[PDB]
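Chains as they are written, first to last, in PDB author numbering: chain a, 7 to 105, 113 to 129; chain b, 11 to 75; chain J, 210 to 336, 357 to 388, 391 to 422, 427 to 448; chain I, 1 to 63, 79 to 202, 256 to 285; chain H, 245 to 278, 285 to 347, 361 to 424; chain G, 150 to 191, 201 to 387; chain L, 282 to 304.
As structure tokens, the structure follows; a few thoughts come after it.
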Amino acid sequence: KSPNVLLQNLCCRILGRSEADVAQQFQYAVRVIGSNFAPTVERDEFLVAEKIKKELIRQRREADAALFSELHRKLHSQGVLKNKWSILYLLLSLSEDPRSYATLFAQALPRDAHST
Amino acid sequence: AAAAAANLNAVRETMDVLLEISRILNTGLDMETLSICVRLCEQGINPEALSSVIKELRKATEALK
Amino acid sequence: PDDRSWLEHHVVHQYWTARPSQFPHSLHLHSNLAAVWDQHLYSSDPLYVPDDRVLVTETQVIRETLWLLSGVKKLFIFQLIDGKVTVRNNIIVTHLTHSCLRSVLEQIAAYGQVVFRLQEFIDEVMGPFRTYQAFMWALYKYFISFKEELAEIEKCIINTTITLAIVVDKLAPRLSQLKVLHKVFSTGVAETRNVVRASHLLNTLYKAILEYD
Amino acid sequence: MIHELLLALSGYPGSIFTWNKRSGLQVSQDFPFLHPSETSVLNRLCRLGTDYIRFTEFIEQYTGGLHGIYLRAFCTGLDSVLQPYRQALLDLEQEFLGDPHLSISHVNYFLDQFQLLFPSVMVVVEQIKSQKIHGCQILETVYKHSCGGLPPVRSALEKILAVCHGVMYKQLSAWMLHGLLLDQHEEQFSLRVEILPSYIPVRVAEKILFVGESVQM
Amino acid sequence: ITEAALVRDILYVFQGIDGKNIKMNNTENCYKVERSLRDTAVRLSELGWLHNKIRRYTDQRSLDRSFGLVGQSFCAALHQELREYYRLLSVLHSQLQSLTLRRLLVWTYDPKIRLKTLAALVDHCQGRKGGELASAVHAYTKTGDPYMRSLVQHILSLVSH
Amino acid sequence: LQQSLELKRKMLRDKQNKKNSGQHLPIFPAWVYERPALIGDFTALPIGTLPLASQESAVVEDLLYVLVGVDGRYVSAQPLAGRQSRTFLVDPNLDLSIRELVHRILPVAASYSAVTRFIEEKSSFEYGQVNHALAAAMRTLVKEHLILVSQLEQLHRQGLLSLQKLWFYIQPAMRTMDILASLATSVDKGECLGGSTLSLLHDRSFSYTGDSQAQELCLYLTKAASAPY
Amino acid sequence: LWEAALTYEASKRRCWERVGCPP
Numbered sequence: 007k008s009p010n011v012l013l014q015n016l017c018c019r020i021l022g023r024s025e026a027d028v029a030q031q032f033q034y035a036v037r038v039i040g041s042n043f044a045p046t047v048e049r050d051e052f053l054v055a056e057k058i059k060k061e062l063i064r065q066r067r068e069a070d071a072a073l074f075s076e077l078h079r080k081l082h083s084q085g086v087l088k089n090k091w092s093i094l095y096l097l098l099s100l101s102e103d104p105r113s114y115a116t117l118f119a120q121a122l123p124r125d126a127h128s129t
Numbered sequence: 011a012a013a014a015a016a017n018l019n020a021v022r023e024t025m026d027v028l029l030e031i032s033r034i035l036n037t038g039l040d041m042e043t044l045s046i047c048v049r050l051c052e053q054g055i056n057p058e059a060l061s062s063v064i065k066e067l068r069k070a071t072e073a074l075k
Numbered sequence: 210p211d212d213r214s215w216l217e218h219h220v221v222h223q224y225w226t227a228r229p230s231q232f233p234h235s236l237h238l239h240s241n242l243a244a245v246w247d248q249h250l251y252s253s254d255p256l257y258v259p260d261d262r263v264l265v266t267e268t269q270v271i272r273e274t275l276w277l278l279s280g281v282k283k284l285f286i287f288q289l290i291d292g293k294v295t296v297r298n299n300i301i302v303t304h305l306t307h308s309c310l311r312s313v314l315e316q317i318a319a320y321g322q323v324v325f326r327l328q329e330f331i332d333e334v335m336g357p358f359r360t361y362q363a364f365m366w367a368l369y370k371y372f373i374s375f376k377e378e379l380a381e382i383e384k385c386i387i388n391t392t393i394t395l396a397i398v399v400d401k402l403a404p405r406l407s408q409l410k411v412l413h414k415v416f417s418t419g420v421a422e427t428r429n430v431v432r433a434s435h436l437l438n439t440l441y442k443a444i445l446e447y448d
Numbered sequence: 001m002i003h004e005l006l007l008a009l010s011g012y013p014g015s016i017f018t019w020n021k022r023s024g025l026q027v028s029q030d031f032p033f034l035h036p037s038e039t040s041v042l043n044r045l046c047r048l049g050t051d052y053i054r055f056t057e058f059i060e061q062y063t079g080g081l082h083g084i085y086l087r088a089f090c091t092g093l094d095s096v097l098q099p100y101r102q103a104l105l106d107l108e109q110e111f112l113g114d115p116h117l118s119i120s121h122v123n124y125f126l127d128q129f130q131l132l133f134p135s136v137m138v139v140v141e142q143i144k145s146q147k148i149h150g151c152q153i154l155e156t157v158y159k160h161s162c163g164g165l166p167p168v169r170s171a172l173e174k175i176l177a178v179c180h181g182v183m184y185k186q187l188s189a190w191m192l193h194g195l196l197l198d199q200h201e202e256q257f258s259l260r261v262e263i264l265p266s267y268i269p270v271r272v273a274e275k276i277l278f279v280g281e282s283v284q285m
Numbered sequence: 245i246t247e248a249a250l251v252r253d254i255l256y257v258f259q260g261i262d263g264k265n266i267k268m269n270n271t272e273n274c275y276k277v278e285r286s287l288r289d290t291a292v293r294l295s296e297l298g299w300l301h302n303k304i305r306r307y308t309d310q311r312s313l314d315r316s317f318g319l320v321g322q323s324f325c326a327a328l329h330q331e332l333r334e335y336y337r338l339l340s341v342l343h344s345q346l347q361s362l363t364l365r366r367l368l369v370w371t372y373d374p375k376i377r378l379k380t381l382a383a384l385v386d387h388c389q390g391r392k393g394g395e396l397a398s399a400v401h402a403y404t405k406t407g408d409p410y411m412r413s414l415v416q417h418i419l420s421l422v423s424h
Numbered sequence: 150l151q152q153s154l155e156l157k158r159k160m161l162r163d164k165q166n167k168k169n170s171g172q173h174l175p176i177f178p179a180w181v182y183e184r185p186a187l188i189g190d191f201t202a203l204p205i206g207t208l209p210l211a212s213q214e215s216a217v218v219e220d221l222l223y224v225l226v227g228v229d230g231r232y233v234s235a236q237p238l239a240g241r242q243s244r245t246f247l248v249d250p251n252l253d254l255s256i257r258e259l260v261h262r263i264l265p266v267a268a269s270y271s272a273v274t275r276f277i278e279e280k281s282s283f284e285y286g287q288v289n290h291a292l293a294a295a296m297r298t299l300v301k302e303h304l305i306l307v308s309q310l311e312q313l314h315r316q317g318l319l320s321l322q323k324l325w326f327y328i329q330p331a332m333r334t335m336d337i338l339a340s341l342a343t344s345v346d347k348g349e350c351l352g353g354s355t356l357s358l359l360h361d362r363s364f365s366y367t368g369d370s371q372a373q374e375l376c377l378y379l380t381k382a383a384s385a386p387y
Numbered sequence: 282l283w284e285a286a287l288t289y290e291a292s293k294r295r296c297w298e299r300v301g302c303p304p
């Protein structure tokens with residue numbers, strides 16, 4: 007869609023309240039997502055797969071860590087998506103326990126060795 | 011055509027896979043909202059911005075609970 | 210055109226009359242196995258005169274079988290040899306290697322002969358004894374309930392997916408019950428007086444119940 | 001290919017795999033586009049289907080020597096252990112319908128619990144074939160192996176034993192209520261002591277005999 | 245020689261089934277090749299080297315009945331662990347149709376420990392049954408690594424049942 | 150080398166003599182020790207006559223092989239493997255400028271071999287559950303090292319890595335590995351076990367109490383090693 | 282557009298002659 011109204015679609019998804027019932031949260035989101043919408047980082051679904059494994063190992067379900075490995079195979083079998091990194095990194099960002114340190118764990122390049 | 015309807019078939023499969031990935035990691039978002047998040051991730055987007063918004067709109071109904 | 214094309218669309222009648230059918234599909238080995246096996250043979254140098262197979266699809270072959278199995282006779286596939294159904298050798302779908310095929314259709318054809326012979330027993334009654362009529366009436370009361378399920382399956386071929396491995400397991404509680412009739416009737420078809432011809436028939440049944448009491 | 005197996009595992013020999021009494025279902029067919037190590041995988045897989053064919057022969061002939084209704088209780092229990100092997104043939108097809116490709120290793124993997132089940136029931140069937148049971152002595156040679164050491168074949172034979180007790184409760188229902196003889200022809257008059265199970269104590273079997281005999285008088 | 249053949253060969257020697265240009269020549273030394287990539291092969295082929303030993307012993311004692319209910323109980327646990335090792339491999343096969364993740368070193372690293380420990384456990388219970396065997400696996404549950412404590416504890420839950 | 154087996158046998162005698170109801174201590178089978186593929190670290203045309211920016215690609219590739227403990231193409235790993243000593247020899251077809259920087263990259267590989275030897279030797283059943291758990295927690299850091307090098311492999315495959323990027327990339331992990339190898343040498347030198355390898359860790363926790371690169375390692379390893387005690 | 286279309290029903294007619302979700 008067009009990215010400006012597509013945010014309001016999310017805002018009306020979570021709370022069903024109208025876009026005339028609140029206008030500050032919506033303004034706060036046009037504040038936050040714009041100038042942080044286009045990546046300034048280098049993409050890697052590899053590295054994110056290798057921490058999705060590390061998340062599901064941390065929940066100590068090893069078969070489901072192998073179930074994601076098959077679902078990730080299916081994702082490449084179709085080939086209908088271009089940016090396969092983003093959504094998985096998103097779903098990884100929203101991770102939660104159904105039932113430390115991270116700066117010594119791999120993160121991507123912030124473009125401090127590559128600039129155009 | 012038919013091969014243009016088979017692309018939409020390979021999207022409807024792919025979304026079922028994305029929903030399974032969503033449930034084995036446990037989000038509080040369902041399929042209807044998740045599809046909008048998939049729309050957003052198609053244009054390319056950073057979740058350091060998006061996760062704050064989701065944990066805020068779920069915090070904007072604790073005083074309207 | 211204009212009639213032949215519209216037939217070709219709606220009616221199925223072309224894999225056994227002029228222009229034998231060609232089935233395009235998903236190719237690559239998982240259901241393209243017949244073509245791989247043919248190419249393997251052709252590489253292996255027979256060398257010439259390829260095996261005549263006319264290429265019928267599978268779901269159809271299921272329909273033709275269920276018609277044969279229900280108890281109506283005279284279908285083009287599965288020729289007689291003395292009144293005995295035997296497998297026809299032009300059948301191939303896109304896999305099934307043509308040898309396991311020729312065994313599995315033979316097995317089901319062996320079960321079809323069992324019901325064929327009973328319908329033959331009955332068909333010579335329509336072109357007295359009064360025990361033979363009661364016999365036939367019992368067979369028919371069984372037969373119609375058997376035929377009803379098969380007839381239902383035939384609609385559901387158009388519907391889901393239906394294959395050989397499903398219909399074999401589904402017909403397991405019937406193909407159990409046919410095997411006993413093949414043994415009971417085999418002494419009821421083997422013999427002059429109407430009093431020994433009645434006693435010998437009643438006695439088979441009276442023995443068969445006490446057999447598994 | 002993935003219905004070729006689903007008949008090769010079933011009771012149909014095919015041109016690819018050659019069944020033999022020397023060594024059954026040996027893959028002798030080679031393709032240039034196969035890795036040469038797939039044949040060893042195929043041997044490990046063909047172990048399954050060879051066992052199934054063997055079982056099917058033995059069921060087919062049945063249902079002093081080997082006679083009686085007792086083997087027609089054993090074969091019926093052997094139907095029951097094979098029953099979830101037919102359902103587990105259907106599940107493979109159901110997976111195959113959607114997935115674009117699958118590898119042989121997953122099927123090999125999933126049906127590993129019947130690489131325990133099948134040879135350890137093969138021992139039981141061969142022991143019952145080489146010897147002759149005409150008494151109630153099927154219960155011994157199943158109960159010899161019901162102690163077991165491998166957990167799937169421990170419950171498999173439990174199926175068969177429950178079936179054979181179901182056959183025994185026809186003999187011991189006509190006997191104990193009607194006092195009838197010829198509930199089955201073997202091979256006053258009482259049960260032959262030689263063919264009686266020893267894990268049934270002999271005193272209890274005598275008590276059974278007295279209860280049956282009283283109805284005659 | 246191209247990489248794609250090498251990937252295929254190494255993909256089979258995890259099972260303990262030979263490749264095409266990697267074959268098992270000696271059965272006490274590792275698989276020997278029929285240049286840096288060739289050096290990578292020797293550390294991955296030890297997994298199948300251990301597999302063949304442990305699989306050869308647990309194949310034969312499982313169909314042994316003068317080895318006792320205990321010991322067949324050991325073999326059942328071992329065999330269940332062999333299963334979880336094939337479950338990972340099936341995915342790796344299907345994921346072709361590069362696919363080298365340091366030639367899968369990070370993947371193979373976690374079963375690598377799981378092979379050493381089971382190869383240790385089969386020799387300590389050599390020719391044993393009953394409480395004598397069960398003591399010899401209770402010898403290994405005096406350990407501090409949680410992964411090893413779990414790997415022993417799972418088997419031990421079965422063997423003393 | 151051969152020196153490990155000595156100490157192991159003496160400690161085996163000590164624990165066999167001390168407990169008299171404790172029968173049958175386990176050790177690892179013989180092939181665990183004899184085979185050289187249970188550790189992680191142990201013709202071609204001259205590159206010099208080529209253009210420079212292809213030589214750089216080749217030395218990137220070879221160096222990258224060496225970091226994880228496998229030989230490159232114009233670099234040989236020296237067949238010493240002595241005490242904690244380990245050197246590597248780059249072949250003389252390379253200009254000096256690249257050579258010095260490559261030498262500067264080499265200490266993290268020796269500081270990888272020092273850790274790797276430790277994790278095997280101090281996980282035997284003579285050093286007890288605290289050395290077990292400690293080597294098992296350094297194993298986690300070995301795995302995360304592998305995690306990093308795997309992603310950089312993919313980046314070089316797409317033609318987007320060079321020596322100056324790589325030198326910069328590996329700087330924060332270099333410190334971590336140096337601290338870990340020094341800790342390994344320290345525990346081995348005193349042959350610490352029991353609570354003496356909880357006093358040394360107590361000391362090192364004060365010793366590096368800055369940077370958050372090194373203080374979190376010590377704090378994690380201390381909590382990890384002290385649980386069986 | 283795509284997820285707007287995506288609220289449709291897909292085919293349940295399947296065949297054994299194709300394995301890539303036969304329509």
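Every residue gets a Cβ at the ideal spot worked out from N, C-alpha and C, and that includes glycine.
Between the beta-carbon of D314 of chain H and the beta-carbon of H290 of chain G, is there less than 8 Å? On the fifth sequence, residue 314 of chain H is found 64 positions in, with the first residue counted as 1. On the sixth sequence, residue 290 of chain G is found 132 positions in, with the first residue counted as 1. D314 of chain H places its beta carbon 8 Å or farther from that of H290 of chain G.
> In chain H, which residues lie less than 7 Å from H116 of chain I when you measure between Cβ atoms?
Replying inline: Taking the fourth sequence and counting its residues from 1, the one referred to as residue 116 of chain I is at position 101. Residues of chain H passing the Cβ test: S344 and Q347.
**Asked** Taking the alpha-carbon positions, what's the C47 of chain b to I64 of chain b distance?
**Response** By one-based count along the second sequence, residue 47 of chain b stands at place 37. By one-based count along the second sequence, residue 64 of chain b stands at place 54. Their Cα atoms are separated by approximately 11 Å.
Practice problem: Starting from the C-beta of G227 of chain G, find all residues in its chain whose C-beta is less than 6 Å away, skip the five residues before and the five after it, and write them out in chain order. | Solution: Sequence index remark: in the sixth sequence, residue 227 of chain G carries index 69 (1-based). Exclusion of the five residues before and after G227 of chain G leaves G189 and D190 as the residues of its chain whose Cβ lies within less than 6 Å of its Cβ.
| Taking Cβ-Cβ distances shorter than 7 Å, what residues in chain L pair up with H234 of chain J? | Numbered from its first residue, the third sequence carries residue 234 of chain J at position 25. Residues of chain L passing the Cβ test: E298 and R299.
When the cut-off is 8 Å and only beta carbons count, does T391 of chain J lie next to chain L?
Within the third sequence, residue 391 of chain J is the residue found at index 160, counting from 1. By this cut-off, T391 of chain J is an interface position.
(Q) Taking the alpha carbon of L313 of chain G as the reference point, which residue from G:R333, G:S215 and G:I205 has its own alpha carbon closest? (A) As a position in the sixth sequence, residue 313 of chain G is number 155, starting the count at 1. The shortest Cα separation from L313 of chain G among G:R333, G:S215 and G:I205 belongs to G:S215.
Put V27 of chain I into one of helix, strand or coil per three-state DSSP.
Mapped onto the fourth sequence, residue 27 of chain I falls at position 27. Here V27 of chain I sits in strand by DSSP.
How many Å lie between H82 of chain a and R33 of chain b at the Cα?
-> Here residue 82 of chain a refers to the residue found at position 76 of the first sequence. Here residue 33 of chain b refers to the residue found at position 23 of the second sequence. Using only the alpha carbons, I get a separation of about 20 Å.
Residues that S240 of chain J contacts on chain L, provided the C-beta gap is smaller than 8 Å
Start at 1 with the first residue of the third sequence, and residue 240 of chain J comes out as number 31. Residues of chain L whose Cβ lies closer than 8 Å to the Cβ of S240 of chain J are, in chain order, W297, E298, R299 and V300.
(message) Taking the beta carbon of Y256 of chain H as the centre, do at least 16 other beta carbons fall within 10 Å, making it buried, or is it exposed?
(response) The count along the fifth sequence starts at 1 and reaches residue 256 of chain H at position 12. When all chains shown are included, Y256 of chain H counts as buried.
- Taking the DSSP output, what are the residues bridged to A235 of chain G? As a working note, residue 235 of chain G is residue 77 in the sixth sequence. According to the DSSP secondary-structure assignment, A235 of chain G is paired through a beta bridge with G:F246.
**Prompt:** Who are the near neighbours of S28 of chain I in its chain, counting only those whose CB is closer than 7 Å to its CB and skipping five residues on each side?
**Reply:** One-based indexing of the fourth sequence puts residue 28 of chain I at position 28. Setting aside the 5 residues that flank it on each side, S28 of chain I is surrounded in the same chain by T18, each with a C-beta closer than 7 Å to its C-beta; the list follows chain order.
Any idea if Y257 of chain J is buried or exposed, counting beta-carbon neighbours within 10 angstroms, 16 or more meaning buried?
Walking along the third sequence from the start, residue 257 of chain J turns up at place 48. By the neighbour-count definition (other C-beta atoms within 10 Å, threshold 16), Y257 of chain J is an exposed residue.
Going by CA-CA distance only, name the one from b:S61, b:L28, b:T71 and b:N19 that's closest to residue 1 of chain a.
A question about residue 1 of chain a goes unanswered here, because the residues of chain a that appear run from 7 up to 129.
- According to DSSP, is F17 of chain I helix, strand or coil? Mapped onto the fourth sequence, residue 17 of chain I falls at position 17. Three-state DSSP puts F17 of chain I in a strand.
Limits of the unbroken alpha helix (DSSP H) element including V265 of chain J: Against the third sequence, residue 265 of chain J aligns to sequence position 56. If you look at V265 of chain J, you'll find it isn't in any alpha helix (DSSP H); DSSP assigns it neither H nor E.
Distance check for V181 of chain G and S384 of chain G, CA to CA, integer angstroms please. Locating residue 384 of chain G in the sixth sequence gives position 226, counting from the first residue. Locating residue 181 of chain G in the sixth sequence gives position 32, counting from the first residue. Here the C-alpha atom of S384 of chain G lies approximately 27 Å from the C-alpha atom of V181 of chain G.
Look at the Cβ atom of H329 of chain H, then the Cβ atom of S118 of chain I, and state whether they are nearer than 8 Å.
Residue 329 of chain H sits at position 79 when you count from the first residue of the fifth sequence. Residue 118 of chain I sits at position 103 when you count from the first residue of the fourth sequence. No, these two residues do not count as a Cβ contact at 8 Å.
Does the Cβ-Cβ distance between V400 of chain H and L384 of chain H come in under 8 Å?
On the fifth sequence, residue 400 of chain H is found 137 positions in, with the first residue counted as 1. On the fifth sequence, residue 384 of chain H is found 121 positions in, with the first residue counted as 1. Yes, the pair counts as a contact, with Cβ atoms nearer than the cut-off.
For the ligand ZN, I want to know if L94 of chain a counts as a neighbour, meaning its beta carbon is within less than 7 Å of at least one of the ligand's heavy atoms. Here there are no bound small molecules, and the ligand ZN is not part of this structure.
- Residues of chain a with CB under 9 Å from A16 of chain b, in chain order? Residue 16 of chain b sits at position 6 when you count from the first residue of the second sequence. Contact of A16 of chain b with chain a by beta-carbon distance below 9 Å is absent, the smallest such distance being about 10 Å.
Next on the checklist: How far does the alpha helix (DSSP H) with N43 of chain I in it extend, from its first residue to its last?
Outcome noted: Counted from its first residue, the fourth sequence places residue 43 of chain I at position 43. For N43 of chain I, the enclosing alpha helix (DSSP H) stretches over residues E38 to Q61.
* Asked: Hey, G164 of chain I and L319 of chain H are a contact pair by Cβ (cut 8 Å); roughly how many whole angstroms apart?
  -> Taking the first residue of the fourth sequence as 1, we reach residue 164 of chain I at position 149. Taking the first residue of the fifth sequence as 1, we reach residue 319 of chain H at position 69. Rounded, the Cβ-Cβ distance is 5 Å, consistent with contact.
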